Amino acid sequence: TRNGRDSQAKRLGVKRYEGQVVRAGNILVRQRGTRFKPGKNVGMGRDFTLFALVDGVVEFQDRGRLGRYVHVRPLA
Amino acid sequence: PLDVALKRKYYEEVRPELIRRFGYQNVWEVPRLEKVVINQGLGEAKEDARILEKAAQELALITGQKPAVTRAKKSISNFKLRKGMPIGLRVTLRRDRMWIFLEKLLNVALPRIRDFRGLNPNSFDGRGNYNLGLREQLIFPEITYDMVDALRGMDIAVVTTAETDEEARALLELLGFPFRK
Amino acid sequence: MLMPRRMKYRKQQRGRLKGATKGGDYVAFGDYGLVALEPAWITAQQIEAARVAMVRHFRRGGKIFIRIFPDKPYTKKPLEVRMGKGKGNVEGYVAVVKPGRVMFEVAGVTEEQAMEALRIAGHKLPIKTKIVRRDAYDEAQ
Amino acid sequence: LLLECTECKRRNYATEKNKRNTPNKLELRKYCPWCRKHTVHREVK
Amino acid sequence: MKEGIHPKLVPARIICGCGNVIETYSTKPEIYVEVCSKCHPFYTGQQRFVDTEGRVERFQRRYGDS
Amino acid sequence: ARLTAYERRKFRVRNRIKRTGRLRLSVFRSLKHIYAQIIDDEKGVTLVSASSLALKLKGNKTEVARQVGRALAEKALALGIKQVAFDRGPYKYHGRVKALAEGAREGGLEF
RNA sequence: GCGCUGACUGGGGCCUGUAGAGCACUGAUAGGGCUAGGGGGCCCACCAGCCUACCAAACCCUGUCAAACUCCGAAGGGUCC
RNA sequence: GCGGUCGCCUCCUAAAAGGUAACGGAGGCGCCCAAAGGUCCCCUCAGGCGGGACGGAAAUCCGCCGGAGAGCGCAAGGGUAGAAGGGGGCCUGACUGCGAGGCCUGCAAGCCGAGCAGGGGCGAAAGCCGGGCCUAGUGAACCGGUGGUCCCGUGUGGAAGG
RNA sequence: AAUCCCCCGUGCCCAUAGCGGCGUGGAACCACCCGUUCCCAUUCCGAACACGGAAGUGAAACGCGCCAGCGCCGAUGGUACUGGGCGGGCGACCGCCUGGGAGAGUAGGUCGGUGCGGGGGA
RNA sequence: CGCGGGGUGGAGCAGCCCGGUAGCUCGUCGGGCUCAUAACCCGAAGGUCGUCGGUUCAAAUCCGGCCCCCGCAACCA
RNA sequence: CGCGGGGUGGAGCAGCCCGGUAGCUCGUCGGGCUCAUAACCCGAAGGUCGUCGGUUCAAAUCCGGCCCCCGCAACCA
Ligand SMILES: [Mg+2]
Ligand SMILES: [Mg+2]
Ligand SMILES: [Mg+2]
Ligand SMILES: [Mg+2]
Ligand SMILES: [Mg+2]
Ligand SMILES: [Mg+2]
Ligand SMILES: [Mg+2]
Ligand SMILES: [Mg+2]
Ligand SMILES: [Mg+2]
Ligand SMILES: [Mg+2]
Ligand SMILES: [Mg+2]
Ligand SMILES: [Mg+2]
Ligand SMILES: [Mg+2]
Ligand SMILES: [Mg+2]
Ligand SMILES: [Mg+2]
Ligand SMILES: [Mg+2]
Ligand SMILES: [Mg+2]
Ligand SMILES: [Mg+2]
Ligand SMILES: [Mg+2]
Ligand SMILES: [Mg+2]
Ligand SMILES: [Mg+2]
Ligand SMILES: [Mg+2]
Ligand SMILES: [Mg+2]
Ligand SMILES: [Mg+2]
Ligand SMILES: [Mg+2]
Ligand SMILES: [Mg+2]
Ligand SMILES: [Mg+2]
Ligand SMILES: [Mg+2]
Ligand SMILES: [Mg+2]
Ligand SMILES: [Mg+2]
Ligand SMILES: [Mg+2]
Ligand SMILES: [Mg+2]
Ligand SMILES: [Mg+2]
Ligand SMILES: [Mg+2]
Ligand SMILES: [Mg+2]
Ligand SMILES: [Mg+2]
Ligand SMILES: [Mg+2]
Ligand SMILES: [Mg+2]
Ligand SMILES: [Mg+2]
Ligand SMILES: [Mg+2]
Ligand SMILES: [Mg+2]
Ligand SMILES: [Mg+2]
Ligand SMILES: [Mg+2]
Ligand SMILES: [Mg+2]
Ligand SMILES: [Mg+2]
Ligand SMILES: [Mg+2]
Ligand SMILES: [Mg+2]
Ligand SMILES: [Mg+2]
Ligand SMILES: [Mg+2]
Ligand SMILES: [Mg+2]
Ligand SMILES: [Mg+2]
Ligand SMILES: [Mg+2]
Ligand SMILES: [Mg+2]
Ligand SMILES: [Mg+2]
Ligand SMILES: [Mg+2]
Ligand SMILES: [Mg+2]
Ligand SMILES: [Mg+2]
Ligand SMILES: [Mg+2]
Ligand SMILES: [Mg+2]
Ligand SMILES: [Mg+2]
Ligand SMILES: [Mg+2]
Ligand SMILES: [Mg+2]
Ligand SMILES: [Mg+2]
């Protein structure tokens, strides 16, 4: 057989769901492209990884044509 | 210089005879000239830029504008050509400087074409613009025959505000364009 | 016999046959049809034997339709071997047929003729079948 | 081509990497030392 | 236009089978063109000089009377 | 032909601005006049207005701009507003757009 | 040692792309239509050139298939309160 | 046994979180780029039709139509023109000293990262910059080489060697 | 300020706001326009960008209307599938109960809605 | 269906690594020397690279499938 | 990485010493002997003499930096 290979599962996906309490640092989404875009108080690292910029809670936003967004609405 | 015989002839001759012929309600609706683009397809200069600058030298002499040097969009083996390399020369002349150029094209150049019984009455691209191809750069008055090293023509693209070329035809006609009927 | 040229992938899983005919499904070209009562893999060589049986019993005119197509690659080891080390090998193609599907279907022939042909044609198939005419219902489009 | 470019006194050796035969010159560029701050930095060894 | 890198472009003269073309406006004022066919010489002002159509007609008349 | 160098360049420069979080000093300039608007996004609300067509002034539109520039400061700085970003939209930071910005002095700024 | 936080359950938010279906993409695909060019069969050998009883692109209908196709998309499942 | 395989990335298998096996179905990595890096400013494709000397299916040009089917150094996927793509100007943050908090996770590793300080780059500024659209381009420890630097220097100053 | 009409900004919803046809608007705004001295410009071009202006035009653009040919949205029924619970067939598969319940298609719907701020009106 | 090497003018061989142009001997054709043929001398013609697809700007060349050729293997049982 | 040599024209290759001919063969062309081609004879082609900088009036020479091919010799966690 010429096959037999594969790579390590990269455990990608959302790490904090809407209405979850996070903290400045907490990475909120692990993804390949820009499947989710950084919203309010949400940074995104060189591997497109979204994280809380401040403490607070997590909320999602589907801006249709404009894509989907993860916001960290404060409370801190 | 904002005089020019043809620029004059357009307003005080062509423009009126066009209105009573098509019946334009507005002032702008009547076809204006704009933009005359001259483009030398010069593969002749694949691996030698030395020959590409002599052409530009020539093109600016007849137009009054230094042309821009187009470059190959993609690599295309068969006839050399990779993604780079200067593969053409092009200048876009507009109002005024276009007028003085278009005037000598009618009153000197075309007249100096070996043969010539008129320009092609089908080169209108449908949406009212006209294109014509010349076969040598000696038909222009500025050229001395003793500055040439080899013959290279060019493409001329004249663009009009006229929505149809049925009208675009009249404009060019009345301007003094020698059509083969 | 009858295989689909140019394929993105040769050798494909096998999946199940729990379906019930995606559709289909209601006759749409001829005057009469052969409908599948049971699910099965119909082999290109089974289709070709069903087609021929008809064009043959039709003097030569005739006007089949088939409507099912062998696009699924059927593999099979070289026998006398053991499991492991690659997969099947591809020894033909099949068409997936769940109940409801209309296979074949003929037109431009008498009834006592078309119905006799479809019966013959049906004996060449590994499943149970049914002959139909085509009424309003069929005009589902 | 593994590369280790340095400063211009007390050495330093904050190593980088130039792959080829071009850049093939002195292969130098402005960088910052752990000591004072921001100096020339040249390439060697 | 950008400064330098340019031809001057200046009101000019011209010559032909005609007389004069004041219009011009081009580098190298005063030019002698072989034949400006705009003045009226050549094709336009349909001269049709050295007229033709001998062909049939020619062998026709040296034939009707030979 | 969907979207244009205009509409594009407009978003491009304006999208960046809206990330930094500050209040937006949006500048719309027309052939005759030049207007200025301090907007707060997320509240979708304008705070301080300052036009030239609203101050009925004229005479050299590069000099008018600066006036409506200083005009925006005064009105605004009196509302607490000090620090802001400054749009600029489709217009290169130049001429009368640059002028109005240079006029926005006497009020928070950094520009 | 801490001690009501547990499995499970109710309500609420968010995550998903399977079952099913679909053909909008990637490909596969039956019939018919209309037409690039060729099989041709040929007039020429100067334009040419007529016809399609084999193709066959696209395009249009009527029909369908797909683990590595998806315009769609349940039930469920995950997680936080 | 013979043959094949052995680490890393992509896709499916995988049953809509994560994960998941087989000598299950298919591909790819062991590099590369001083610009293919940072920043500021501009620019928008592929195709299709019509038009235009040498130009031909396709070189360069003009017109309309063209939301992305183009491009993004190479596999695949995800992503993307409201740029991550194309062009230019300056520049080297392919920084030093750190690091809240998390992703992942048996260990050891691998990954993302705000912010502070030093000294800088581009920018009017807001600001961005601790390499590259991203996910492969990799090797614990031991033993040594090389350049520094304080540190130890077998009675003491050195030196040897660390 | 109230209410309202038109226009310029700027948001949000993210095609029911879109394509295309037709019709409208220049007092005011806007655009085109008029020039290229000056700032600044286009690998060539004052096309773009940019400045200084305003005679002219709503032709282009944009704004506002109308039209369902296309695009987009789209029920209600009814099915497919399926939590959970039960049966049946050698199987390949099928049926029942109880909860959830699409996709396609049909009827239809739509050529926008609205926030704040300006300028002009009533 | 295990492993390895191949397939290129009419014959037999190169060229394939590493891309971009196909070379050698013989033969074939035309002309010469000879009374004549061969030898000998002067000229010329002739290959899409088994095949379908893929990669790249470009494929005899790199990659994959299929059809043939040669060689090796098929052991404990 | 350590030690030693040098690339001269289309090829190897002498001139490398006490700084001074930038040579010889085969291949191809011209010309004659040959019934012939080769042999064989006459003449002729091509060197900034690996890189740059130096010490002398120069230099292929000597030094030095430099670059790979070849040459030599160890080591490899
Ligand atoms: Mg596996
Ligand atoms: Mg995986
Ligand atoms: Mg959703
Ligand atoms: Mg159906
Ligand atoms: Mg370092
Ligand atoms: Mg409790
Ligand atoms: Mg639980
Ligand atoms: Mg619950
Ligand atoms: Mg979906
Ligand atoms: Mg399915
Ligand atoms: Mg399809
Ligand atoms: Mg297709
Ligand atoms: Mg068909
Ligand atoms: Mg599926
Ligand atoms: Mg997929
Ligand atoms: Mg839907
Ligand atoms: Mg739950
Ligand atoms: Mg829940
Ligand atoms: Mg073995
Ligand atoms: Mg999963
Ligand atoms: Mg095009
Ligand atoms: Mg064309
Ligand atoms: Mg054409
Ligand atoms: Mg793409
Ligand atoms: Mg790719
Ligand atoms: Mg992709
Ligand atoms: Mg993609
Ligand atoms: Mg760039
Ligand atoms: Mg740059
Ligand atoms: Mg940590
Ligand atoms: Mg790593
Ligand atoms: Mg990378
Ligand atoms: Mg050990
Ligand atoms: Mg040591
Ligand atoms: Mg050590
Ligand atoms: Mg001491
Ligand atoms: Mg002692
Ligand atoms: Mg001591
Ligand atoms: Mg040591
Ligand atoms: Mg030491
Ligand atoms: Mg508005
Ligand atoms: Mg939609
Ligand atoms: Mg419309
Ligand atoms: Mg009107
Ligand atoms: Mg309108
Ligand atoms: Mg008026
Ligand atoms: Mg007026
Ligand atoms: Mg209008
Ligand atoms: Mg308007
Ligand atoms: Mg529907
Ligand atoms: Mg329903
Ligand atoms: Mg529905
Ligand atoms: Mg309506
Ligand atoms: Mg008002
Ligand atoms: Mg051989
Ligand atoms: Mg052979
Ligand atoms: Mg070989
Ligand atoms: Mg011979
Ligand atoms: Mg012979
Ligand atoms: Mg092959
Ligand atoms: Mg490519
Ligand atoms: Mg091929
Ligand atoms: Mg034994």
Test: residue in region E:48-61 that is more than 7 Å from every other protein chain (Cβ to nearest Cβ) and closer than 23 Å to B:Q57 by Cα: no
Residues satisfying the stated conditions in region B:111-149, i.e. at positive phi and surrounded by fewer than 14 Cβ atoms within 10 Å (Cβ to Cβ): B:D115, B:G118, B:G126, B:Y145
Residue tally, condition of a type in the set (D, E, K, R) and surrounded by fewer than 18 Cβ atoms within 10 Å (Cβ to Cβ), over region B:91-110: 3
Among the candidates C:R51, C:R14, residue that is assigned to a helix (DSSP H, G or I), away from RNA strand J (no atom under 16 Å from the Cβ), farther than 13 Å from C:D71 by Cβ and among the basic types (K, R): C:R51
Candidates B:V108, B:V30, B:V37, filtered to the one that is more than 14 Å from chain E (Cβ to nearest Cβ) and within 15 Å of the chain's Cα centre (by Cα): B:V37
Which numbered condition C:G92 fails, given (1) away from RNA strand G (no atom under 12 Å from the Cβ); (2) within 30 Å of C:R133 (Cβ to Cβ); (3) in contact with a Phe, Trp or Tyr (Cβ under 9 Å, 6 or more places away or on another chain): (2)
Considering residues of region E:1-34 that are under 15 Å from B:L2 (Cα atoms) and outside any loop (DSSP other than H, G, I, E, B) only, the residue nearest to the other protein chains (Cβ to nearest Cβ): E:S26
Any chance C:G62 is part of a loop (DSSP other than H, G, I, E, B), within 16 Å of RNA strand H (Cβ to nearest atom) and more than 20 Å from C:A20 (Cβ to Cβ): no
Count of residues meeting criterion [crowded, with 20+ Cβ neighbours inside 10 Å, within 10 Å of RNA strand I (Cβ to nearest atom) and closer than 30 Å to B:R8 by Cβ] in region B:61-90: 4
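Could we say that C:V96 is over 15 Å from C:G122 (Cβ atoms), β-branched (V, I, T) and exposed (fewer than 15 other Cβ atoms within 10 Å of the Cβ) here?
No, not satisfied.
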Failed criterion for C:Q46 (all others in (1) of a type outside the set (K, R); (2) part of a helix (DSSP H, G or I); (3) away from RNA strand I (no atom under 16 Å from the Cβ) hold): (3)
Selected residue (criterion: surrounded by the most Cβ atoms within 10 Å (Cβ to Cβ)) from residues of chain D that are more than 7 Å from RNA strand H (Cβ to nearest atom) and in contact (Cβ under 8 Å) with a residue 40 or more places away in the chain: D:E43
Boolean, C:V109 is within 23 Å of C:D31 (Cβ to Cβ) and buried (at least 18 other Cβ atoms within 10 Å of the Cβ): yes
Of all residues making up region B:42-71, the number that are touching a helix residue (DSSP H, G or I) at 6+ places or on another chain (Cβ under 6 Å) and within 14 Å of chain E (Cβ to nearest Cβ): 4
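Yes/no per residue for (1) more than 15 Å from the chain's Cα centre (by Cα); (2) farther than 29 Å from E:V35 by Cβ:
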{"site": "B:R71", "(1), (2)": "yes, yes"}
{"site": "B:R82", "(1), (2)": "yes, yes"}
{"site": "B:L89", "(1), (2)": "no, no"}
{"site": "B:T92", "(1), (2)": "no, yes"}
{"site": "B:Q137", "(1), (2)": "no, no"}
{"site": "B:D149", "(1), (2)": "yes, no"}
Hits in region C:93-112 (condition: outside any strand (DSSP E or B) and under 14 Å from the mean Cα position of the chain (by Cα)): C:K98, C:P99, C:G100, C:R101
Boolean, C:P78 is more than 28 Å from C:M115 (Cα to Cα) and not small (G, A, S): yes
B:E163, sole failed condition from (1) in contact (Cβ under 8 Å) with a residue 40 or more places away in the chain; (2) in a loop (DSSP other than H, G, I, E, B); (3) under 30 Å from B:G23 (Cβ atoms): (1)
Cross-chain or 6+ apart pairs with Cβ under 8 Å, region C:53-67 first and in contact (Cβ under 8 Å) with a residue 60 or more places away in the chain, then among the aromatic types (F, W, Y): C:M54/C:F104
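Taking region A:1-40 only, how many residues are closer than 30 Å to F:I17 by Cα and either within 14 Å of chain C (Cβ to nearest Cβ) or within 16 Å of RNA strand I (Cβ to nearest atom) (or both)?
6
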Answer from F:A76, F:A65, F:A50 - the residue that is under 24 Å from F:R22 (Cβ atoms), touching a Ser or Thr at 6+ places or on another chain (Cβ under 8 Å) and crowded, with 16+ Cβ neighbours inside 10 Å: F:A65
Filter result for B:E163 (within 14 Å of another protein chain (Cβ to nearest Cβ), within 21 Å of B:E34 (Cα to Cα) and more than 16 Å from RNA strand G (Cβ to nearest atom)): no
Condition met for C:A40 (touching a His at 6+ places or on another chain (Cβ under 7 Å) and surrounded by 18 or more Cβ atoms within 10 Å (Cβ to Cβ)): no
Residue in region E:38-45 that is over 15 Å from B:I113 (Cα atoms), within 7 Å of chain B (Cβ to nearest Cβ) and surrounded by fewer than 17 Cβ atoms within 10 Å (Cβ to Cβ) present: no
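Quick reminder, even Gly has a Cβ in these numbers, built from the backbone with ideal geometry, and neighbours come from all protein chains shown. Read-outs: derived from the displayed coordinates by stated rules, not from any lab.
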